[PDB]
């Protein structure tokens, strides 16, 4: 549906603009993002990964459309606990790394209709939310690695991207 930017790319390092209003054009990006995300078997996507520099996230932790989450202009209000899993990312294909995260987050955001909601999450949902928000600030999971590890990932994908 949309093309996923592959690390390294400058638009994966940008702090994105909030959505000014959630209208039809924004709902179309959201639906196009979900299509892209399911097609590549992701459980989260952020707009900058499809080269749209706005604060828009689509998440589906189960992958079956029965607990979708759209988070527009999201903000973590509070959090607690400590956790970490081996995260991957559609813009960083072929790699996973252990990222330290909050176990629990409270997040406010606008839904696909522009309505504000405030959500408590834990488990994999909370991890996905923190991951995807990182994207909106131009942060990738490789930024939590040592400079040399991140570099070696970058070199490998530079090559991959040519070979595609």
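Positions refer to the first chain, counted from 1.
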| query | finding |
| --- | --- |
| Segment of higher mean CA temperature factor, 124-132 or 66-74 | 66-74 |
| Mean Cα B-factor comparison, 105-113 or 47-55, giving the higher one as deposited | 105-113 |
| Third assignment of residue 142 from its chain's C-alpha B-factors | lowest |
| Chain-wide C-alpha B factor ranking for residue 2, given as lowest, middle or highest third | highest |
| Third assignment of residue 164 from its chain's C-alpha B-factors | highest |
